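Peer 1: Chains as they are written, first to last, in our numbering: chain R, 1 to 208; chain E, 1001 to 1114; chain D, 2001 to 2126; chain W, 3001 to 3297; chain S, 4001 to 4086; chain G, 5001 to 5095; chain H, 6001 to 6134. Think of the CB as a built atom: it goes at the ideal place given N, C-alpha and C, for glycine as much as any other residue.
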Amino acid sequence: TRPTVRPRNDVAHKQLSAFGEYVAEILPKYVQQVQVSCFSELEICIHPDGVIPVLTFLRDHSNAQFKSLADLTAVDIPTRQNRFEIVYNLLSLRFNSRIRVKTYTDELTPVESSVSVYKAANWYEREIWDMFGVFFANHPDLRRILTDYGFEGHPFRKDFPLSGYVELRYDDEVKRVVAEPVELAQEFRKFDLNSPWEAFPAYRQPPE
Amino acid sequence: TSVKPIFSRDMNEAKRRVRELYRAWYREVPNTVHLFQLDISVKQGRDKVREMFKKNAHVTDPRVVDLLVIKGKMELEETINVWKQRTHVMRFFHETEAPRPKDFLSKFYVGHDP
Amino acid sequence: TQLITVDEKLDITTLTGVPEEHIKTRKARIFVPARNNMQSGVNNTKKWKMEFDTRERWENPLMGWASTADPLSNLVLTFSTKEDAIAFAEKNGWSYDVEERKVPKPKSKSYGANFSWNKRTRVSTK
Amino acid sequence: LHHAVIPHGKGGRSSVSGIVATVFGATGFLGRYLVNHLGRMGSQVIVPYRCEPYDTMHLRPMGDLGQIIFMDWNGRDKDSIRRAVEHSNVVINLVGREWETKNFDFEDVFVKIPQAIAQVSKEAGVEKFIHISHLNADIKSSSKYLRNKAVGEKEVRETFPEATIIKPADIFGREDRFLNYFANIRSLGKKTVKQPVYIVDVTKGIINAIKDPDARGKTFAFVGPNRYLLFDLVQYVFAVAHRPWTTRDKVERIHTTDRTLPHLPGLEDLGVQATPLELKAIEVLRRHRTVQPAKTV
Amino acid sequence: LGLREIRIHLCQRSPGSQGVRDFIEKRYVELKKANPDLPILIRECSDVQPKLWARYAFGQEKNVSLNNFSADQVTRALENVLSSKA
Amino acid sequence: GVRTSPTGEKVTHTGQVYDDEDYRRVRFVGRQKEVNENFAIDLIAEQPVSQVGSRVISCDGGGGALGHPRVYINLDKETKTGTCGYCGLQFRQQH
Amino acid sequence: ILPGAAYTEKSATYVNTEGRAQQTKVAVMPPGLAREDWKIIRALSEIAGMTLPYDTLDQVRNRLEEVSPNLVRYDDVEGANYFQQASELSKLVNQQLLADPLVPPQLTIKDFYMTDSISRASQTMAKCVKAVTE
Ligand SMILES: NC(=O)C1=CN([C@@H]2O[C@H](COP(=O)(O)OP(=O)(O)OC[C@H]3O[C@@H](n4cnc5c(N)ncnc54)[C@H](OP(=O)(O)O)[C@@H]3O)[C@@H](O)[C@H]2O)C=CC1
Ligand SMILES: [Zn+2]
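#1: Distance, Cα to Cα, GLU198 of chain R vs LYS2046 of chain D?
#2: Determine the direct distance from the alpha carbon of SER3133 of chain W to that of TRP3099 of chain W, and round the result to whole angstroms.
#3: Any chance you could list the residues with Cβ under 7 Å from a heavy atom of ligand 2, keeping chain order?
#4: Step through the CB atoms of chain S and report whether any lies within less than 9 Å of the CB of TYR6082 of chain H.
#5: So which of D:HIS2022, D:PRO2104, D:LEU2015 has the shortest CA-CA distance to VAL2042 of chain D?
#6: Sorted by chain position, which residues of the same chain lie with C-beta nearer than 8 Å to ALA6034 of chain H's C-beta, five sequence neighbours on each side aside?
#7: Of all the CB atoms in chain H, is at least one closer than 9 Å to the CB of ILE3006 of chain W?
#8: How about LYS6039 of chain H: is its C-beta nearer than 9 Å to some C-beta of chain D?
#9: By the 8 Å beta-carbon criterion, what residues does the segment 6060–6082 of chain H contribute toward chain S?
#10: Mind listing the chain S neighbours of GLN6085 of chain H? Cutoff is C-beta to C-beta under 8 Å, in chain order.
#11: By Cβ distance below 7 Å, which residues in the same chain neighbour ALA3124 of chain W in space, the five residues on each side in sequence not counted?
#12: Note down, in chain order, all residues in the segment 143–172 of chain R with a beta-carbon under 9 Å from any beta-carbon belonging to chain W.
#13: Can you tell which of W:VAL3090, W:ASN3089, W:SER3088, W:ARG3076 has the C-alpha that lies nearest to the C-alpha of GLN3115 of chain W?
#14: For ligand 1, I want to know if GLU3098 of chain W counts as a neighbour, meaning its beta carbon is within less than 8 Å of at least one of the ligand's heavy atoms.
#15: Whose CA, out of H:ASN6062, H:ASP6075, H:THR6056, lies closest to the CA of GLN6023 of chain H?
#16: Can you determine whether any heavy atom of ligand 1 sits closer than 8 Å to the C-beta of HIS154 of chain R, and answer yes or no?
#17: With C-beta atoms as the reference, is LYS2102 of chain D less than 9 Å away from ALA2028 of chain D?
#18: Quick check on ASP3064 of chain W - is its C-beta less than 9 Å from some C-beta in chain D?
#19: So, helix, strand or coil for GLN6123 of chain H, using DSSP?
#20: Measure from the C-beta of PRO110 of chain R to each C-beta in chain E and report whether the shortest distance is under 9 Å.
#21: What three-state label does DSSP hand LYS2047 of chain D in the structure shown?
#22: Which runs of the beta strand (DSSP E), 3 residues or longer, sit entirely within the segment 60–92 of chain R?
#23: Any idea if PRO5006 of chain G is buried or exposed, counting beta-carbon neighbours within 10 angstroms, 16 or more meaning buried?
#24: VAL2006 of chain D: which of E:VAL1064, E:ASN1031, E:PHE1036 sits nearest, CA to CA?
#25: Given the structure, does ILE3113 of chain W come close to ligand 1, in the sense that its CB is under 8 Å from one of the ligand's heavy atoms?
#26: Thinking C-alpha only, which one of W:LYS3204, W:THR3219, W:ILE3210 is nearest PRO1099 of chain E?
#27: In chain W, what lies closer than 8 Å to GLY5030 of chain G by C-beta?
#28: Judging by CA-CA distance, which residue of W:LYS3010, W:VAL3090, W:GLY3018 is the nearest neighbour of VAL3047 of chain W?
#29: Count the C-beta pairs between the segment 3170–3182 of chain W and the segment 3026–3033 of chain W that are closer than 8 Å, then say yes if the count reaches three, no if not.
#30: In chain H, what lies closer than 9 Å to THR2054 of chain D by C-beta?
#31: Give the straight-line distance between the Cα atoms of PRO3061 of chain W and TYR170 of chain R, rounded to the nearest whole angstrom.
#32: For the alpha helix (DSSP H) containing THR1087 of chain E, list its first residue and its last residue.
#33: Below 8 Å, is the gap between the Cβ of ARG3227 of chain W and the nearest heavy atom of ligand 1?
#34: Assign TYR2096 of chain D to one of three DSSP states: helix, strand, or coil.
#35: Could you name the residues of chain S that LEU6089 of chain H contacts, counting a contact when the two beta carbons are closer than 9 Å?
#36: Can you pull the chain D residues whose beta carbon is under 8 Å from the beta carbon of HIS1112 of chain E, in chain order?
Next up, the structure:
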């Protein structure tokens, strides 16, 4: 498996598993899962009440020092009853390492804003308000950042269509750019691409 | 059934926030018609405010009406600060849109939609 | 305390920005998609799908393209179970209907049955 | 009915309204808003233009792709009229000048060219023909405008007997020559009574006259909801505008009272609620700003 | 102006339909012999409650719940239908 | 191999032409309907049938890697020639 | 003539020979000015001044449940009892058997391909009939 296969990094896998045990036993109040992928990335799946206690810890513990918030993300998985998955990506420049802190919410449960831990988050979770509708409590200035000012709905939800519900055109009667219910001259052609054969038997789910 | 609140513990505090938001919109509407130099009246903009509040009047969940007050305050903050243009304020008034057929018969005449 | 009790039915239709025309006139369909009979694989019959009723597609006068006015025309949602799809349809106010999962029943196979002494299940060729 | 002209869609920009319109005089004040209101339903608008193509550019965002066909024409060339109308199912005439020129008098613009358009539209098989007269069109009128427009109305009626002939009184809008004439005059007040009609009301009247099969062969009178004396109307215009090119034929039409024709149907018989001038005069005359309403009769 | 059809909805297995079931096993046949040109549509279904629809002239329909009735009560409701004719 | 409808409109290699009572001819008024006049169904019929001495022939369209994928055409039927499914070149067993 | 929707053009309840009610879905829309069938009948009833008490498809199906509630229980065969009582009613009138032998209207594959208005308007079915007759 030399030329074309990605070489597995076992040292980083061992170190991230050990540090994941470390985080899981320092913070048992909030940590729900700890996992390490085959390409050696550590995910710490926590309860949403511990956004501030975990992320401060990783920012301030002498064996963590995750002083950088690389990215903050939501993922909409509608079959989960807590359909939004808030993903923090942290960088420790001291220990040259990355950690992922994942948590959950639905449309109505507010996540605590992490601006007091990382100020970097100030726009990012603001984007999570704009794209997903996840509310962040105790945010300094929570409002839309990317959508238009009269925009209704949250676009990166997966029950939101690819085109919107409204589209703009200039109207010469009212002398104004106006919004109208969307009509496409060519509908977006949905392609059903998934093969009916199983691709990865290592990821086979057990039947009912 | 035990959920985490947003601002309001029940519907009384929630209706209080709805009521303060309606007060703020009612106060803002003449300034909006002036500085955007809209071609509507203050009565008409306040009727659109009342229409947007009474559209959501069927809701019995405190968290949903908390988020509705949050989004109404975001709309008002984008209107007081001149962040909307005239176009975004007048998108509430569907002026260029043709009136939809409302009865069964004209919806039968124009097409396939229920 | 820091928790409140809401006994109400979950409804987020006022928050999702969806126009009312595409809430109370659309029929969500919750179903496991049938296996494509061009093929023997079953990996597409594993999950539940929520689709909607198809609306009018017409001919574009310029190019002949399929013009639509339906925003929910390409919206297919994927769910692990039936109850997740039903909870998601009820959460969004979509009137739905549910087809049950149709599995193939357990067949009784025997290669020796192709060569019976007295039964009609003999093969005449192989 | 042909399969390409059956209406489809929900009546938006990419829809098909089933209306194939040849709008003569689409580059004017009325043609602007008529081609706007047609192009937003998804109508095949044919715009024959006389002018520079630059002066037609504002008509281009009004419809979807291929839904406005611009083509050259000439009033004294019937071949170009046939080249414009032979595919349409409706032909709307909006050709007009407030002044007579070196090459086109009032008889050319109001008698010759509408009769030519209506005759070539009759012989090409066009289903619907709409012609726009003026409310005060009279044979014994004091102004040559109204005399030639009455003669042209009579000729259009006798050469296309199913022509919907429409009488607007005085049309106001952002590009009018009625309130913008009074705002830029800085002539007097007389016993002249006027009821001015709004341009979107006239445009909705023309489109509802296209859609109505009862409007064939009728004559409609599009008037405003309120009759004003000329003096307090002009004072209301100078009041809204924050104030303290012409010809004598224009002055003869300003001092012509808008006649009352109760036997002709109006905007309400096409389903248009006529907008009063106090709702739209601020929208028209906001540009002239560097108010108690007028009295009706 | 007159009765036009009778519709009897019932379950196959619910106990509330039991008397309705006992109405059909014994008393339907001489019912149908007495009204040979009257459509008495018996409609069994899975988990419905028993019901007696009477359709009259010009589309008018009356509705009698036959739930938990004995066969005599079903007989009396049905003969009230046959004798009323509103 | 173009021909013309009674409206004076050219018929494409597909066979598309608008009707007389179709309004959509107005798009070519003052302009032109652009058709391609090299119909491929007439051009491939000008190619002579290749006589070969084998039972199965291979065809890649000519040019090697510049043609189509190389397919194998059987030539057992003497009633019909064997046509390339990509290029349309036809072959006959000469025996 | 009232142009109606075909079975691919409407969501529509059909019941097979074993009593199983089923529903089509809309695949394409009816061409031109053609409409769904009960929409046409309901619009006619509103023009005639005897407006039927339904507006949407769910309300039609509520009426359809009112007339027989097994027409809204999809992919469900409902058991039908009472063979004894129908057989006792069948013994009343003694209709006489004719001397004509039982001949089905479809004897060969020739008569299979065209039975209704969709199959007779098919060119594929015409090619099938022309192939099996030669
Ligand atoms: N208040 C009003 O304006 C009223 C108007 N009407 C009638 O409604 C119609 C439209 O009015 P309105 O919009 O104000 O008119 P405009 O003056 O704004 O424009 C008239 C149109 O006709 C075209 N046109 C004029 N003369 C000729 C000609 N000799 N040959 C070819 N085209 C010509 C112009 O084209 P181009 O751009 O090339 O000059 C222009 O597109 C007219 O017939 C007018 O008489 C009736 C009652 C009231
Ligand atoms: Zn080849």
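Peer 2: In terms of the structure at hand:
#1: Position 198 of the first sequence, counting from 1, holds the residue named residue 198 of chain R. Position 46 of the third sequence, counting from 1, holds the residue named residue 2046 of chain D. Using only the alpha carbons, I get a separation of about 11 Å.
#2: Locating residue 3099 of chain W in the fourth sequence gives position 99, where the first residue counts as 1. Locating residue 3133 of chain W in the fourth sequence gives position 133, where the first residue counts as 1. Looking at the two C-alpha atoms, the distance is approximately 16 Å.
#3: G:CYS5059, G:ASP5060, G:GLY5061, G:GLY5067, G:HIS5068, G:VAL5071, G:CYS5084, G:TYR5086, G:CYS5087, G:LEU5089
#4: By 1-based counting over the seventh sequence, the position of residue 6082 of chain H is 82. Yes, its Cβ sits closer than 9 Å to a Cβ of chain S.
#5: Locating residue 2042 of chain D in the third sequence gives position 42, where the first residue counts as 1. For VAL2042 of chain D, the nearest C-alpha among the options comes from D:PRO2104.
#6: What you label residue 6034 of chain H is simply residue 34 of the seventh sequence in a count that begins at 1. Within the same chain, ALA6034 of chain H has close Cβ partners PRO6003, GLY6004, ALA6005, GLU6009.
#7: As a working note, residue 3006 of chain W is residue 6 in the fourth sequence. It does: the Cβ of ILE3006 of chain W has a partner Cβ on chain H nearer than 9 Å.
#8: Taking the seventh sequence and counting its residues from 1, one reaches residue 6039 of chain H at position 39. So no, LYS6039 of chain H is outside the interface.
#9: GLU6066, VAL6067, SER6068, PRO6069, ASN6070, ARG6073, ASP6076, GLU6078, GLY6079, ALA6080, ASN6081, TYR6082
#10: By 1-based counting over the seventh sequence, the position of residue 6085 of chain H is 85. Those within 8 Å of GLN6085 of chain H in chain S are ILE4024, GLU4025, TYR4028, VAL4029.
#11: The residue given as residue 3124 of chain W occupies position 124 in the fourth sequence. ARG3082, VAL3085, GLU3086.
#12: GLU167, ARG169, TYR170, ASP171, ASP172
#13: Start at 1 with the first residue of the fourth sequence, and residue 3115 of chain W comes out as number 115. Comparing Cα positions, the closest option is W:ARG3076.
#14: Counting from one through the fourth sequence, the residue named residue 3098 of chain W turns up at place 98. Answer for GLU3098 of chain W: yes, Cβ within range of ligand 1.
#15: Locating residue 6023 of chain H in the seventh sequence gives position 23, counting from the first residue. Of the candidates H:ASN6062, H:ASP6075, H:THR6056, the one whose C-alpha sits nearest the C-alpha of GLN6023 of chain H is H:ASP6075.
#16: Position 154 of the first sequence holds residue 154 of chain R. Answer for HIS154 of chain R: no, Cβ out of range of ligand 1.
#17: On the third sequence, residue 2102 of chain D is found 102 positions in, with the first residue counted as 1. On the third sequence, residue 2028 of chain D is found 28 positions in, with the first residue counted as 1. No. Outside cutoff.
#18: Looking up residue 3064 of chain W in the fourth sequence gives position 64. Yes, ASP3064 of chain W lies at the interface with chain D (some Cβ there is under 9 Å from its Cβ).
#19: On the seventh sequence, position 123 is the one that residue 6123 of chain H refers to. Correct three-state label for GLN6123 of chain H: helix.
#20: For the purposes of this step, residue 110 of chain R is taken as the residue at position 110 of the first sequence. Yes, contact with chain E.
#21: Position 47 of the third sequence, counted from the start, is the residue given in the question as residue 2047 of chain D. Correct three-state label for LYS2047 of chain D: coil.
#22: 68–76, 84–92
#23: Within the sixth sequence, the letter at position 6 stands for residue 5006 of chain G. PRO5006 of chain G should be labelled exposed.
#24: Against the third sequence, residue 2006 of chain D aligns to sequence position 6. For the residues E:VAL1064, E:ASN1031, E:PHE1036, the minimum Cα distance to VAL2006 of chain D belongs to E:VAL1064.
#25: Here the question's residue 3113 of chain W lines up with position 113 in the fourth sequence. Yes, ligand 1 has a heavy atom inside 8 Å of this Cβ.
#26: Looking up residue 1099 of chain E in the second sequence gives position 99. When only C-alpha atoms are compared, the closest one is W:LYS3204.
#27: Within the sixth sequence, numbered from 1, the residue matching residue 5030 of chain G stands at position 30. Neighbours of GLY5030 of chain G on chain W, chain order: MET3071, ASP3072, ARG3083.
#28: Here residue 3047 of chain W refers to the residue found at position 47 when the fourth sequence is read from its first residue. Among W:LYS3010, W:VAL3090, W:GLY3018, the Cα nearest to that of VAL3047 of chain W is on W:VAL3090.
#29: yes
#30: The residue labelled residue 2054 of chain D in the question sits at position 54 within the third sequence. The answer, in chain order, is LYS6025, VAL6026, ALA6027, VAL6028, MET6029.
#31: Position 61 of the fourth sequence, counted from the start, is the residue given in the question as residue 3061 of chain W. Position 170 of the first sequence, counted from the start, is the residue given in the question as residue 170 of chain R. Going by the C-alpha atoms only, they are around 7 Å apart.
#32: Sequence index remark: in the second sequence, residue 1087 of chain E carries index 87 (1-based). Per DSSP, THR1087 of chain E belongs to the alpha helix (DSSP H) from 1086–1090.
#33: To locate residue 3227 of chain W, count along the fourth sequence from 1; it is residue 227. Because no heavy atom of ligand 1 lies under 8 Å away, the Cβ of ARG3227 of chain W does not count as near it: no.
#34: Here residue 2096 of chain D refers to the residue found at position 96 when the third sequence is read from its first residue. In this structure, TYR2096 of chain D counts as strand in the three-state DSSP scheme.
#35: On the seventh sequence, residue 6089 of chain H is found 89 positions in, with the first residue counted as 1. Residues of chain S passing the Cβ test: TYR4028, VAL4029, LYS4032, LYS4033.
#36: The residue you call residue 1112 of chain E lines up with position 112 of the second sequence. Under the 8 Å cutoff, chain D gives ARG2055, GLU2056.
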